[PDB]
Every structure is written in structure tokens, then in C-alpha cells.
Amino acid sequence: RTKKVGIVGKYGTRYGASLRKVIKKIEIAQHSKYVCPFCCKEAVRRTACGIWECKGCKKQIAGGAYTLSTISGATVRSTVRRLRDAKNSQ
Amino acid sequence: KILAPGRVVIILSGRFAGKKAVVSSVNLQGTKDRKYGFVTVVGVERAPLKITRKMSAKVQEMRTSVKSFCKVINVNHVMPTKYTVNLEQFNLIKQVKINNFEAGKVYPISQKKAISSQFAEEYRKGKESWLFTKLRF
Amino acid sequence: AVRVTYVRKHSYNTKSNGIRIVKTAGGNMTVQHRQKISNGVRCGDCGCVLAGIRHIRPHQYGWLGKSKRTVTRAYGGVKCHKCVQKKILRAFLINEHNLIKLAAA
Amino acid sequence: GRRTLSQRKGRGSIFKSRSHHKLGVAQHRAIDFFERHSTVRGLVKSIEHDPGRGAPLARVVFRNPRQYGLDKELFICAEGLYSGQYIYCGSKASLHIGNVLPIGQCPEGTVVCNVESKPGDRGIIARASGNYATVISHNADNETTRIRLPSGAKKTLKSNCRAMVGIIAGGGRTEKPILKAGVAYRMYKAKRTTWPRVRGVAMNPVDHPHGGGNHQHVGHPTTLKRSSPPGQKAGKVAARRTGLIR
Amino acid sequence: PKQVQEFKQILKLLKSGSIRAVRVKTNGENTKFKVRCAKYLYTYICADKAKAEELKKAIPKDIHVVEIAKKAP
RNA sequence: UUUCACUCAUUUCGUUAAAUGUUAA
RNA sequence: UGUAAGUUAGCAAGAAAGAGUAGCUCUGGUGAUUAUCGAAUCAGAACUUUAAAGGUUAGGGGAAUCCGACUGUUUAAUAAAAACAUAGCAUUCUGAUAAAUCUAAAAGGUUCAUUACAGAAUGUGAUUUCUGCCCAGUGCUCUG
RNA sequence: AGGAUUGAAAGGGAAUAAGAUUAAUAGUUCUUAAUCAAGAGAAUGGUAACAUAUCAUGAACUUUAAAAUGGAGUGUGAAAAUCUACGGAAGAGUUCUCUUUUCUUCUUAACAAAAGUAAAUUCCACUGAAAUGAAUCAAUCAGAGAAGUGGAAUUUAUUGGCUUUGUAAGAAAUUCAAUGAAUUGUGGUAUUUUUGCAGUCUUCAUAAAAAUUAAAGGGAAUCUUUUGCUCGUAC
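The structure contained in this document is the topic of the report that follows. For each chain, numbering begins from 1 and proceeds through the sequence as written. The entry may number the same residues differently, and residues missing coordinates are not shown. In the order they appear in the text, chains get letters beginning with A and ligands get numbers beginning with 1. Part of a larger assembly is what these chains represent; accordingly, every value refers to the shown part. Excluded from the side-chain calculation are hydrogens and water; included are all heavy atoms of the structure. Residues with missing side-chain atoms are left out of burial classes, side-chain pairs and their counts.

## Quick notes on the protein's contact with RNA strand F
Residue and element names in this part refer to chain D. The immediate surroundings of RNA strand F are formed by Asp 32, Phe 33, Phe 34, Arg 36, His 37, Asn 64, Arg 66, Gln 67, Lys 118, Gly 120 and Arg 122. Of all RNA strand F atoms lying within 4 Å of any protein atom, the proportion belonging to sugar or phosphate reaches 50%. The term polar contact refers here to a pair of N or O atoms within 3.5 Å; inside protein, the definition further demands a hydrogen-donor-capable atom paired with an acceptor-capable atom, and it admits residues adjacent in sequence only when both atoms are side-chain atoms. Note that a phosphate oxygen of RNA strand F is positioned 3.2 Å from one of the backbone N or O atoms of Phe 33. At a separation of 3.0 Å, a phosphate oxygen of RNA strand F approaches a polar side-chain atom of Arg 36. Throughout this entry, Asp, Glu, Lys and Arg are counted as charged residues, while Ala, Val, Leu, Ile, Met, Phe, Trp, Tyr, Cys and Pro are counted as nonpolar. The remaining residues, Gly among them, count as polar. Considered class by class, the residues forming the surface near RNA strand F number two nonpolar, four polar and five charged. By convention in these notes, a residue is near a molecule or strand provided one of its non-hydrogen atoms lies within 4 Å of it.

Right, dumping it as C-alpha cells:
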């Protein structure tokens, strides 16, 4: 249907090519479905900015504004895990 | 067998949800009308209240009274436990057979009171304790 | 086509000013004041609408029969039948675990 | 001249916060014995959207340790918390995401949010979406610890200040480019009346110190002392540098 | 207004002392025995004349009975 | 002569002023 | 039916340009229930005439130059614009007992139910491309 | 036990409808028919979802829900209006040129009942899907269990949505006679409005609170009749 304007073709021709290219990355990831960390189904959809709900699995998760998990919030979960192990042992 | 006569089960659904009952007769195949795996149980509908050393002798008898029930239940709506009662001690529960559960009509009140009376007697001696403690969800 | 008028002194199409035009004798159409749409009860845990309880106004449950506003089950009218089954398992299984964990492990 | 719009903002007449649909005050529970010598267990009932702020808010429900009943709190969601989760607050709480611990029991390099600047004040620092503070060092001599504020500043706090382990949810909120004036109009639905900002140079000499003449220009330096009286304090205050950085 | 369904409910209704007024309506096919009580106006639709006569025998004598036909009273 | 150590006016806060401090256990 | 240059590749575009359209009499397609029942819709064919959207309703088109990027707002009552706003870009200060700032004062007040992805103060005005040299003067700042 | 006053005749809220009547008031008067509040006189059934004209006790204390929550667009249930098919009854118009013709009426309330019978969603039992099925305009769903069969519940402008019934034909409408007589079937794969429902989309926007009510956990304790005040009400 379109050559290289995937979802931002709704913006038409009125916001600058670069600004439409930048928002395309976010808008694809904002409406996309994610794998639910409990029931492992691709059934998590965003409700509000930062809130994600597992549709057929009855859970609400706090996440990024447009993605379920951010990069910054992913290395923190591992960083705290390493410190927790070190604190317990010696 | 997990579900054998005398085994104490916990009901999960229905009016008797959360009551403790004693398995009487198991039938995993089911009858022609009973198209499911079912077991007959006799349980404590109303747990006895805790008594003290202050009330009159009449009250301590009334307070320790136990009201029981008899019901054919589905095996999927119960949770078998690790506790087993002595069916010979509870002789009035052996005689509860499947043919005694007539569909659509009230269960004989006289039979219920007989088991309710014995349940109170067995509890008064303190022989069985975990059976008669109410489950606090 | 018969055109009607508001009977009461309210003149705006608010939620509480809902009307229904019904027909009457002689071809005359009158104005009926229709009720608002209520919501039913919800499970306190999963927030799902319970079955067996009607969706009527809060004061109308006073006029309901005493058996028509609750379900004959533990936590009836406040919890779904699934909301209660997990409650029983939690109460029993956890207590069983605490008997082998402590108390002469 | 007149009073500039900056002066009129301090009166608070149409510049009051549009806080009607807000959920409440997001803070830790009040400090008590069970939070100082034991742990309390809280249940994350729900995660909700608070108007006017980017991070979601969690409705945590603690049992009342001294009386019979409940105790309903309103935390700021750490990124990762889910409904039905159990969180533990107290001096003995484990180092899991979402648990509230005194800042002195956390190892070096750990990441905390909603830190208390003064003990018992229920959260001051690192509260916005995606923000966090990192624990730098402890000092058992005077029971003080160092943390790095999200602005890069280093702050020293008493070691018994509480903090929630993790990252505030809603990260990356400001990376999505606003595109329409309408979208920026909707951003301040639960905020103050500040959005459509008229340039001072486009004003008239009465209204603003920048209100120019036959050509739109300022005419005098836009870097001012901190001690300028209100009304003429417009531009850059106590600026040590200007221009573009290389 | 409530409608009674069988005879034995309206035989019992009449022999009670709570009756207040009886109106009999004759129509093209049926006859309605609208007994006026304190609260409701119970009525019985009968399709047999012989059964209608039996009802008039059971009516007490201290109560007023009104007969209504193709012309309003 | 700033330089310190305490709190006792003083400042800023928190709660339902709900286990602070020292022993015992 | 056909449609250009240009283009942020989305548009330009109803581009431009050409043909048909009436009345009467018929034919076919699109379903439901097991032959009957129903829907206005599309296509086609002869014949005739005053050759048919036009009673009413109902876009003039093309080639360029300047300004503003766009949707929006404005001097009630002579200026609706190239002016204001706007998103984008950028600069400054502030760890909250703070910054800005109202008040004569105040356990006073606003942003603040807030906490740097925040608050406050400004310049330029979408996108692309580029922002050259100068710290002497006047400002501002300094760990001197 | 917990936080004082005011703040809405468009926000929330106990309960009334039809016909008639006046020179003028009428959900207010009259007739008829109802409703609400305040009073006065320690249970069964179903496997289960859940169900029983009050029934079938339930104090302090705590919790949950309702009141109470954006918008767009698509599909669809139902009612009314318009249009139309069959079958008539009564009256009117045209009629020198024809027209088995054109036109008008053929109705029904609040509150309740339960012959007959719908659409949609969510749950329950049996069984266990791959040769993957099921389904929508679009989607969407499934071994933390699909489709199939048999059930339960709620919503659909009052009881229970539609027809039907009591109300209630005695009213009202259309005619005829000089107060008295006549009739008041059944449909539609059409359009619009209203009213719900179902999922989809959208937000750096997430789209009120209290009065008030019900239920639960807990185990403390051992039909008839009376009244319903103040103020606005014309145009």
C-alpha cells in the first residue's frame, strides 16, 4: 500500500520527513503486543503510559512509556540480582 | 487410591464451599444419571464454638453441638487432604450409601441428626480435632 | 406523527431526564420517565461481574427478596466462585506447608 | 509598566494546579516500629494512571499491625511491579525490586528511587518517570551515606532514610516527539496554565522588559544578576556561560 | 390488579371477610368477577355460564354486587 | 579569634504525638 | 477512459483532457424456505423524440514569483495579514529549608496531590542543509 | 466516633399513571387503578455454575460493591414513526371521460402476571483439539483448555426483552339513530429516530465526590390500619 511510510502515513505530508521517521519507531512499539512474563503469551497491550495489561492472563505490569521493558530497566533488574546474591553470601 | 473411604476432603464449590467432609463411597466412573466422577461425603456444616469454664452446663452442651450434612459431590470439586478418620469410630458414616441419596428431595433429617449427634459426641471426647476446626479462608 | 412535550419542568436532555414515548388511547403519545442503567456487583479480587445478582439501583435491593441479592456460598455476593476456590486452596495449602516447615521440620 | 506574566503566576488565580482527578499523595507509609525493627508485607492491588504525572501509581494494601483492619497506601510504581505482587518494607526487607529499605542496608552501586532526604518525610528524590538514584558509599562513623541524584549532584543523607529499590516506571516518556499544538495542549490537562508562551519581544514595552521598537529585538543583555527585582528578571539568571556547546 | 387463575382461589377469596365490593362484567365471550379487596382488584375470567352462576351463589349477602354490561353504569 | 563539642531557646518536618533510650528476658 | 512537472515519496489530483446521461418496451446478475416470497441496485438491447445533470442544488482552469511551514488565534466598532501561536532546535538557573514569586505582616500563599524524563526564565520558529570570525567595550560569571 | 458553615430548580436522589374536567389549574382537581417511607397490630435443593410469594435469627468491628464516570467508529437486538402485503368494517371525495378507485379511523397507561418465545455476553458439567481447529463486517480464541452436547446466570426503556394477559373496554376513536346501538385480524430478508448490547480504535488526555444502600467475614445475645408537614405551581 505504501513504499516507505508504514504507519505514519496517517500524518500525511505535514510534519517533516524526519519527525515522521522518528515517531514511526515509537508508534510501532507502542501498539505492538509483547510476551507476557508470567503466562508467556503475546497478549500484553498498553493501557496508559507506563501501564501494560495481560489480556487473557489477568495481570497488570508497570513498564516503559511505550515498551513493556526498557533497556535501562533491564540492566537494573540484573544489577540488583547480583548485589542480592553477594550480600547473602559473606 | 487418593480418594478412599474415611479420607478427609475439603469442598471447593457450592453451598458447602470450605467445609471439611469425610469420604464415604467413591465412584470415579459414575452412574448412568451421574455422568461424572463422584464421591459421597459427610461433613461438618457448622463447626462447634469454643467453650469456656464460665457458662452453664446447658450452654456448653448447646455450644458444642455440631450440625452435619450429607451430599454427593463431584471429585473435581473437592481437595483430598492428608488426614484420615477411623470409619469404625464413625460408624454412622459407613451406612451412608449412594442409594440413600435420592435426587430432588430433602435428605432424611433423622439420619442427619444421628450423624450430627455422633459428630458432637466424638468431638466432645477430643478424639478428632482438625476435622472440627473451621477453615478460615 | 404526533409530537410531544416534556411533562416535568426539566428542559435538558440530561441522564436523569430520560424519556420514552409510548402510545395511548386514541392515537395519543405520552411521555414516560425511564430509569438509568446501573452496574452489577464485582468480585473484590478480579473485578468481574458476579452472576445471580441483578443490575438495579442501590436502593432497589431493599425491595428485592432477601435471597435475590446474594448467592448461597461463602463470600457470596462479594467474590466470584473462582475468587473463592483460590481462597480455600491458599488457606489450606499454606497452613499445611507451615506445619512441615516449622513445628519439627 | 504592567506586571509581567511571571509576577502574575505567584498569585495563583488561574495558575492553580488542575488537581481534581488526581489519585492522592504518592509517598511511603509513616515510619513506625514495624518499619524500623521488622518488616511489613504489602499487596499490590492495582496499578493506575495518575493525571498530571508520567509514572503510574500502585495501590498497595498493608494490614494494620496495631489495630484490626487495613492500611491503604499509594506508592510510585517501580518498573517491573505487577498486580498481586507482595512487597516488603522495613529494615529487614530483602533486596528485591519494589521493596522499601533504609538507605543504609543497600549495598554500594544499588539503584533506589523515591528516596527520603530527611528520615520519615516519605519520599523526596528520584520520583519522575524513568529516574533513579545510585548509592555511592556508606559512612558507619556517623551513619551517613552518599547517593547520586538524577541531575548528577552528590548528596549525603542519614543512613536510616527509606527508599524503594528499582526504576520508576514510564521511562522514555519524553523521547516521543510531540507533533501537533493540540497534543501539547492536552499535556497540561492536569497541570498549570502555562502552555501557549508568547515571546517577550513580541509584546509591548509596558508588558515586558523585552518589548521592543520598530524591530523585534531585546536591546540589552539577557543575562542578569540573581538579585534583580521581580519584574525585570527575564532571560538567564546568574548565567556563567551561553551560546552553543562544543 | 391481580388475576386469579383457578376456581379454588376465588372460592377461598369470597368466604374470607376481607371482601369490599364485587363487580361482574359480561362480555362477548367471557365473564369477569372483579372482586375489589382492600389492596388489589382480583378478577376471574370464566367461560362457562354454569360456573358463573355458582360464583353468584357463594357471594355473601352483606356485600354489594354490581352488574356491568354493554352500557357503563 | 575562628575553631570546635553538647542542647536549651530556635529552624524544618511526621504521625492515630502508637514500642525512643537503658537494662532484663 | 485518462492524467504532467515537482515531491518530505505521504501527495500534486476532482490535475489538465475526452466520451456518455431522456422517454417507452424488455432481458440478465446479486437472496430466503422447501415452486412461493422479498431487496433496491448494477449491466445490457431494440424503438421514439424537442438528442436528455442543470426547475432547484451544483468546482472556472493553467504557468510562475514573494511571505508564512501546516490545523489554529487576532485590533467587539475602518487593518484577518507576511502579524501572534505552534511542534522542532537551543540557552539559563534550581536538590526542594530550592528556583520563580504574591503579600504591610504572617505556625501566610501559588507552580507543588510537585521532585531534574521536574519546576522556573527566555530566543528562534516544521523538515533538509549550514550555523562562519571576534571576549577589545557593555553585560553575566569565577574554583582566583 | 471523627471533623465546622454555605455552595447545583441541567450533577447524585424512596415512591403516579390513564381518562375526564375549568372562561383559566392540573404527572397537583374528579373517577378508577398503584406505589413508597415511618410506624401500630437458628432451613432446604442442584455435581457445578446457582435456585427457593418474608421466610429459613445474626451485635460490636472490618472489607467489597453500587450511587460513579471520556470519545470515535462498525455490527446487531427491540420499540416507535414512515412505507408496504393480505383481509375487511364505517364514512368522505371524483364520476359524463375513465377509475373493483383516492382518502380518513381501526388505540391503550402506571403497576403486576408468566400460555408461547428471542438476540448477545459470561460462567458450569462430560470429553480432550495437530491432518490444527473455531469464528467476525473487522477481529479474536484455545492443554492455567478450543469446537460438540447438555445446563446456569445477567442485560434488552416496569415486574421478565417481544407477543399475550390483569388493568380493560365499562375508557377512547370512527359511524348510525333519537340517551341507545356497531366493529377495533395477521404480517415485512424496507427506511429513519430512540434505546441497549458486543467486541475494535485512541490518548505524554485515562475522562468527579458525598448523602444513601446491599452483601460478606465474625460469632454478641437468646395480611389489616394510621400519618405523610413548609414553599413554587397562572402567562
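## Considerations on the packing of helix α1 (residues 7–15) of chain E against helix α2 (residues 49–58) of chain E
Residue and element names in this part refer to chain E. Lines are fitted to the C-alpha atoms to define the axes, a helix being fitted only along its stretch in contact, and any angle between axes, read from their N-to-C directions, falls within 0 to 180 degrees. Secondary structure elements follow DSSP: runs of H or I of four or more residues count as helices, runs of E of two or more count as strands, with numbering from the N terminus. At a closest axis distance of 10 Å, the pairing of α1 and α2 adopts a crossing angle of 20°. The orientation of α1 relative to α2 falls into the category roughly parallel. Relative to α2, the crossing made by α1 is right-handed. Seen from α1, the contacting residues are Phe 7, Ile 10, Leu 11 and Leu 14; seen from α2, they are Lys 51, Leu 55 and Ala 58. Broken down by class, the residue content of the contact of α1 with α2 amounts to six nonpolar, no polar and one charged. Should an angle fall under 35 degrees it is called roughly parallel, over 145 degrees roughly antiparallel, and 65 to 115 degrees roughly perpendicular, with every other angle called oblique. Two helices cross in a left-handed way if the nearer one is turned anticlockwise from the farther one by less than a right angle. They cross in a right-handed way if the turn is clockwise. By definition in these notes, contact holds between two residues if any of their heavy atoms fall within 4.5 Å.

## Some thoughts on the nonpolar core
Side-chain atoms within 4.5 Å are what join buried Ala, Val, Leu, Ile, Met, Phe, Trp, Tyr and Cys residues into a set we call a nonpolar core. Classification of residues uses two cut-offs on accessible area relative to the type maximum, computed with a 1.4 Å probe and protein chains only: under 20% is buried, over 50% is exposed, and between them is partly exposed. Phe 75, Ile 103, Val 115 and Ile 147 of chain D are the most contacted members of the largest nonpolar core, which has 48 residues in total. Considering each element in turn, this core owes the most residues, four residues, to strand β2 (residues 57–63) of chain D. Discounting chain neighbours no more than four positions away, the residues touching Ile 147 of chain D are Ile 103, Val 115, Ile 125, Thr 134, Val 135, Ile 136, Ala 153, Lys 154, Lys 155 and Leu 157 of chain D. Core analysis: the second largest hydrophobic core is formed by 20 residues, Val 22, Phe 38, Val 42 and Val 44 of chain B among them.

## Overview of the interface of chain A and chain D
With 31 residues of chain A at the interface, the matching set in chain D holds 35 residues. In terms of surface lost to chain D, no three residues of chain A exceed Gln 60, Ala 62 and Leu 83 of chain A, which account for 19% of the buried area on that side. When a carboxyl oxygen of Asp or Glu lies within 4 Å of a side-chain nitrogen of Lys or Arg, that pair is called a salt bridge. The interface formed by chain A and chain D holds zero salt bridges in total. The tally of links from chain A across to chain D stands at twelve residue pairs in polar contact. Throughout, buried area stands for the accessible area (probe radius 1.4 Å) lost by two parts on being put together, summed over both.

## Topic: the sheet that holds strand β4 (residues 59–62) of chain A
All names here are of chain A. One requirement defines pairing of two strands: DSSP has to find at least two bridges between them. With respect to topology, four strands assemble into an open sheet ordered β1-β2-β3-β4, the strand pairing being antiparallel. One side of each edge strand has no neighbouring strand; the edge strands of this open sheet are β1 (34–35) and β4. Bridge count between β1 and strand β2 (residues 42–48): two bridges; the pairing is antiparallel. Across the sheet, the residue bridging to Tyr 34 is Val 44, located in β2.

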